[PDB]
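Presented below, as structure tokens, is a lone chain in the form deposited in one PDB entry.
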């Protein structure tokens, strides 16, 4: 039988093990300090300790362990943690709970929202509202009397996050003031873009309330929950003075990228207030070499929620994998290496609906209706190292991808205006660091671009 005590009511004198439930509002990633030790530091809150008289108040929780797996990975602020056997002591004025997981202490994590982060990523339902989504040791037991403590704290967790910012202005630094810090700092920003730099790394494009845009590398395995359009708190970043072409944040092994639970007032306001920025992209288009990635296209709103499929899967596994065989519409990202036919003037051909044949507008047709018959030779992160380039089509005779270039099909041998706009788009598409975000439809072994248009 365990007796749970509230944070502000826990004893500072009796150095005896105490137990408690609490809401997590901040945490480092679990990190190694030497050869046999791992630490995870977090800030916790509950009904008796959540606010200084305005800025948020909290207790600190330091978890010690001998293995990485014995420490909690906090991907989201707002979830709950239950700790057994912590000793409380005052550390520079703050109530600090210490727990040696490597000895007799344990923790268990509970989802405040319907699903946990991991469950959201894998689209799974939660076993029940009383089940921990992560915990230390081989087992975790929750008694009937704990159910009310949990449900009540969840109810409170939502009230707290919906009526207060929780992560107050004193817990982070404005991106446009980042360069003025001596050491590391925290940031709260909106993810504007998630670029797959390579097989292991994502490059996040961030923008905070001050309006400054910054980039930062985010390992796929470590932070698999990053999503475009969502707001996160980055715990511990430093300003990179060696980055000249773009504003970069450096993260450490102890750094953490944290999202917010649905009821978060701060996340909600920042999601609406912080709007997309393309200034970095527009400025880079004037340079011969851009160290900044530019996503030239935008997919139709109805696919915004459709998951992406790599070129590796699209061309090497699409006829063998059960899941990929049942689908005919996909979303993928890639960069264009070459565009065929070479002559931009031949991108638009005359099409005969009856004979199913297209022809060049040589002696300028009637031979059929004008259509785009463009073949892109692409490549992506998942195929970066191989000796292949892949064919992706923009054959608009049936309407798929008709507005891709924001230029209605026309005889490019006669319409100088149309030809020029397509020529400019050609240089942009083949330019280093330019990428395409597109939806494709599989027909007779080929992929045709559809519901996708250039935004530059």
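Numbering follows the first chain given and starts at 1. Here, rigid core means the biggest group of C-alpha atoms that superpose within 1.5 Å across both forms.
Below, we refer to the form deposited in another entry, which is not included among the displayed structures.
Core-superposed comparison between the shown form and the other one: among 212, 333, 105, 255, the single residue whose C-alpha moves by 2 Å or more is 333. Comparing the forms between the shown form and the other one, the C-alpha position of residue 64 differs by less than 2 angstroms, with the core used for superposition. Once the rigid core is used as the reference frame, the Cα position of residue 302 differs between the shown form and the other one by 2 Å or more. Put the two forms on the same core and the Cα of residue 39 is off by less than 2 Å between the shown form and the other one. Panel note: the distance between the CA atoms of residue 248 and residue 335 is larger in the other form than in this form, the difference being 3 Å or more.
Relative to what is shown, residue 335 and residue 274 are closer in the other form; their C-alpha atoms differ in spacing by at least 3 Å.
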